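To start, the structure itself, in structure tokens.
Values below: every heavy atom of this structure, side chains too, minus hydrogens, waters and symmetry copies. Residue numbers begin at 1 in each chain, while the letters A, B, ... track the order of the sequences.
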Amino acid sequence: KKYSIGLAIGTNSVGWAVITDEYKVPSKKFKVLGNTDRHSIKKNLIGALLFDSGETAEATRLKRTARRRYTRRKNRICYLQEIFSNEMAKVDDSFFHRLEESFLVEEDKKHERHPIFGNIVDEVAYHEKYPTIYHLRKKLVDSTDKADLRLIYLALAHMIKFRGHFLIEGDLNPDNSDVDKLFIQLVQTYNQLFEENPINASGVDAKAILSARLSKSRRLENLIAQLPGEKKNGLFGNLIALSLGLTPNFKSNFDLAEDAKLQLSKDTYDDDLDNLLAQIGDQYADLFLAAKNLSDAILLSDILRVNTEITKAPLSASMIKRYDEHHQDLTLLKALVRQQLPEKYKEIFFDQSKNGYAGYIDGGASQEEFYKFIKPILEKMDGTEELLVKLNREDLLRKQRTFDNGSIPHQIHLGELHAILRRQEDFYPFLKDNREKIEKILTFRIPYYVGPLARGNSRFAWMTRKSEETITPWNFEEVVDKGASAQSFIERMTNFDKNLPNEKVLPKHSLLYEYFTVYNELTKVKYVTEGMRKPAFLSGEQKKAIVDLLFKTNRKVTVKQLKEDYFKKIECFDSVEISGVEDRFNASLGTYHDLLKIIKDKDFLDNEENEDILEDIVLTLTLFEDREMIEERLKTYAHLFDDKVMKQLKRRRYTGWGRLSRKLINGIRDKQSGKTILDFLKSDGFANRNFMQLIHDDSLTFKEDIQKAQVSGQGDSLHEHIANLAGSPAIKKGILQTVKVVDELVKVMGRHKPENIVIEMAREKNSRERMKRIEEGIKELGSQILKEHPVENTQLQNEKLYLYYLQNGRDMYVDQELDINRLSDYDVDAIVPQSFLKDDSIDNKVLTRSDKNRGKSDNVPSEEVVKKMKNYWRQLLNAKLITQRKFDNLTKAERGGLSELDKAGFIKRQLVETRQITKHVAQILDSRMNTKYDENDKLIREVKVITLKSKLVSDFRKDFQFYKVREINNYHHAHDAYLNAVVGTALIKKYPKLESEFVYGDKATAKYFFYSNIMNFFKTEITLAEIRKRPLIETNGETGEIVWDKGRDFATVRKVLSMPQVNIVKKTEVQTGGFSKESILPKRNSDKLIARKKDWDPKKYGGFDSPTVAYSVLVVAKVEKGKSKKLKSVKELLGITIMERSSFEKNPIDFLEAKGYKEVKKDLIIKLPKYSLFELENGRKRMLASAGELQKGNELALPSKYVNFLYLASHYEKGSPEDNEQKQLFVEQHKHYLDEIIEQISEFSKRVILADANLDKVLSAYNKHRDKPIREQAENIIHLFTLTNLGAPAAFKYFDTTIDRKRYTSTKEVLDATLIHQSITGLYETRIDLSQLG
RNA sequence: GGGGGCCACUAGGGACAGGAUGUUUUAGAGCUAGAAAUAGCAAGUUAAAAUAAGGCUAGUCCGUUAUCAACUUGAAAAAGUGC
DNA sequence: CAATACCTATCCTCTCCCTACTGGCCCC
DNA sequence: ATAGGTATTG
Ligand SMILES: [K+]
Ligand SMILES: [K+]
Ligand SMILES: [K+]
Ligand SMILES: [K+]
Ligand SMILES: [K+]
Ligand SMILES: [K+]
Ligand SMILES: [K+]
Ligand SMILES: [K+]
Ligand SMILES: [K+]
Ligand SMILES: [K+]
Ligand SMILES: [Mg+2]
Ligand SMILES: [Mg+2]
């Protein structure tokens, strides 16, 4: 008994099928367990396992980190209160107690209800004097009087609890504050550099213009308008643009060749400036640095909108400005509405449901919603011009706690905190002794390279302690070994050398590693001249000369430089031909040139004695990113360089890691030669062996030492091995389920292993990324397309509009503008044709007015289009609006277009699966099936694991009319698995030589033709560019075995696809995750509310509702009834929530009795996860959606004729026009299939769905559109299956009629139905008659 | 075919440090005419505290990912059970 | 019970490691 | 975006 398995792996399904020699699917009697009268059941060996998607770890991580941050903010406040304890006790012995119980109702409060002062008079007086906390903050910063200790605490706690960001290193307010002064200093530096072309900046109000609440480019235009004879793209204009945060190109300002694009935000600017300073000199450095200072000024002016010379609290003063303008504008608006629109006053200032001022302050209206609601009211009235100005500036009736306060640096809060401490430490000595402690509470961050400050109970922690004691912000540098912790931070994530598994890999920018790469590439170079008989390798002397003369003098080395600067200058060759490198060398000595610029000592870099030192330096500059730790590590080399060089060296940093270790590159030595790997690369006689040849040569000891150094370690489990794969967690869930399915199927066939296993793997918020890409590309481009055409992110889900914006609103084949409103008239063309590369992504698509303008449609765009559009394409490439691959494909005609080789490769790619994750699945299955070794100690491959791409079975379905319609049911997953088994086995039988291509384990016209016509052996007649005909029976050429009988096997496939009994199994899963919805609802007199804290009664304090049920339990017990508490027997479903799960499982009986149940039949407790299957009458099935709701549990097995009719009639997906005509004729001849399909659906619904209202609405809708075209009627009959689909009910639409979901809001009936426990395949069942309980 | 190093791209996964809102209860004395219902007017911008209930290992740690039909024997892990 | 309509926490900065899609140079 | 919870209305 022989058989094969077909598998279809998806992100929510695993289809599976078993086939015999005749491509038939067996059927077996399977024993049935339980307490029903049924002892067995017939099952076909085909089905599909369905499951909810596997989830990433991201949301869990975000919740975890927010948890940690809440804890640490609480600890900051706790430190501060601990500092204030004794003196506050002297002042007010319950202040902190009133603060801790502020949330409690007065009934539950243990102290007076007024928190600050404890009496109503003083509290009202405080609120009258300081209506906001910022009033008190400003007062305490500015005033000189002794203050109440409680108000000091409140100010400092407000600064510490909400302390602002840390995006700016160092100190702040370094007199970079004033915009006028930095603008005048920029003018002075510019006039110093250009005495002939000076700028008259007199009468220019730089403060108002540059600090104006306007866009960057608008403020730039405003400032340039004040400068006659100066344009926005000149030098001064570009400096102002750089200071405003734009991306000015200083190429044209200085007549440069290398595109000097500078933005102060990018991390590359530090290099992008030095690069630039490499051309025009260092005399312009002062100018750009002054511009950066001005940028700092404007950024601060965005936040501090008040004069910094009237107060040391400009932030608090700016919040007070917000408050005062709010008060004035509110008084004015109230009076205006009273006078002009008196009937709208109540809706505006009293209705919290409306988005007026009432909903803005008391309701749920945002600032944006309130502005939208009130803009027409202001425009409609008179005297609202200034209010409209403030509204369009987004500065009208502003609150102080707002979404845009994330701009505030922590240094500003720190300045105000330090000012208050300076004021009040003259009266409170403990503030003087603890001033720096409080400042440290504010300023201290746990460094990212340290992680959780755990003590051996955090699987996320890696920190090591210098001493075993509690870590505080004041003793961190002493208790925490920041060095060891920062080293572990990187070393716990970096790879070891695979060749030497005990050695750490080198830094990517290690001098040794780059020497290795350069010599490795250089060794395989070959050259010819005239008198030479044969291409020769470069000798060791030649390679050293090339390294010293070219690689150590140019950051990049081109083939032109190799021909002229070496072969001409040294060898006296006027003509030379080179092989092994094209255009320029890929490897380069970048770090050599970095360090040569920094230390300016070439002899130091060339001396082999300093190697170690340099290797350490780079190592440091790669391990660490904190400049203090880098300084502490480089201190051991302080004697070798000047303080200038040491400063530059500590400023330089690297990221990235190589893939080989130092001990492999330049460590282990061949036994006889005594030479390392790099020694062979530098010189190897006339063999010139590279890395692979060196470590694979049996006449050397490298290979044997690699073998010896190898270790294997502990083997992973199946689950561990799958978890460690590189892929999406969803597809890994699919992979694990696939392995389990295979195990069960092997057990079904009596532990006999299959002949073949054919596997196919399906292909695998976002508009936010689209808007980000378009914004960055248009700004980098310098275009105003978002100015003239504003777009929202959702709109970018239209392909043509997204392409339009990615192309700057221009045709890509013609240098012309494109119209937005005409996008329907344009074309979206494939760069490389889809007949070769089935790529439908933006990476291979292009928006053009007419695809005819691409050239010839059989290839890549023509040379003429490339000549026309290459510069504009490069512009789109540099703005990252197109990728470099899209550009390269567009420009392929410059390189000869598509050769025959490329077309052969594309067609082969369409059929041979090369994705790595599918290879890993194949390896897992192959290693589980084939375990024995032959006489030569080589693996015996009893089971051949074939992998296929989806297009094979897709084209099979479309060519032999085995069509699929996904919306009818879930049977198509199983059918895909079956067709995979059939096609794969038949293909490898017909052409065994293809095993290397399709089975796991170890001329261009010819291969193009062959792989194009690989599947023709199924057809009877083939029309290929005339008509040929194949025999009825197809056999193998060598064996003579039969592979395909076209008269009988197609009927077999049809009968298999027609079978109504298909094992669809929805994986039952316990629900995990959040306890409930996250909304903190207000107080309500409902027992659905859940306390947010143990003592916070939700009837007083509000709380959560809508908990998630982890799983239900069947309870058979008794409950007290009525005032007499008489015991009444019950049987019901109890939903154990996620929050209750641990309590219930620790002791189920106590939990159930606390819920009210008595005399619980402990052995009748049945655990029922989500999707538990129940069968009722007439084959009607239900799945558990919760403890109080049910999902549909049956599959509508629509006959095959109706499925294919729906496919063809709906124009689901063509072929010859004669075959199109035959299909159309079949549609029109079987039009009565519409009524027959409605009849099938109606019978199914009346038997199983039981939604009378919805079914009647659907029948009326179908009888309403009987005159509609067959196309639309079929397309909407497709929608109708939402009523019958397995799973949760969902709303659908038949034409314009909407059918809302009929839900099953009660689970009482399943308590007397039959529970069905299914194995993973559903072939093994345990059926429990629940009616026999109770 | 499978595999490695390098260059260029493209898409994904995992971890650390931090900020700003939102919400919830309370505090921010509402006033006047009416028995009340109510009417008229005044006012509004701020703060405290919580932000998964909680846990023991008590850390400035952990608490939403992965994994789960049923039954037997098992403390569990784990095996085993049906053409 | 049954049906119906409404509800559903959001945004942002920053350090770093890893694999893998395709194209290319050289090899095992 | 789903699809399960919830109060409201019978
Ligand atoms: K009280
Ligand atoms: K101008
Ligand atoms: K609001
Ligand atoms: K607020
Ligand atoms: K190259
Ligand atoms: K670094
Ligand atoms: K020195
Ligand atoms: K889970
Ligand atoms: K879930
Ligand atoms: K199951
Ligand atoms: Mg907590
Ligand atoms: Mg708040």
Who does B/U67 pair with, Watson-Crick or G-U, both distances under 3.5 Å? none

Touch check for A/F516, heavy atoms < 4.0 angstrom, all strands: base, sugar-phosphate only, or nothing? sugar-phosphate

So, A/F1075 versus A/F1104, ring centres under 6.0 angstrom or not? no

Which nucleotide of RNA chain B is the first, and which the last, in the 5' to 3' direction, to come under 4.0 Å of a heavy atom belonging to chain A? B/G1 to B/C83

Sugar of B/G44: specify north or south by the sign of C1'-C2'-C3'-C4'. south

How would you label the contact of A/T655 with the nucleic acid (heavy atoms, under 4.0 Å): base, sugar-phosphate, or nothing? sugar-phosphate

At under 4.0 Å between heavy atoms, what does A/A723 touch on the DNA or RNA strands: base, sugar-phosphate, or nothing? nothing

Pairing partner (Watson-Crick or G-U wobble, both distances under 3.5 angstrom) of B/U38: B/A33

Base-pair map of DNA chain D as dot-bracket, where | denotes pairing with a different strand and pairs are Watson-Crick or G-U under 3.5 Å: ..||||||||

Under a 3.5 Å cutoff, is there a donor and acceptor pairing between the side chains of A/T1108 and A/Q1071? no

Groove contacted by the A/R1092 side chain at under 5.0 Å, major or minor? minor

Just name whichever nucleotide pairs with B/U73, Watson-Crick or G-U, keeping both distances under 3.5 Å, else none. B/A78

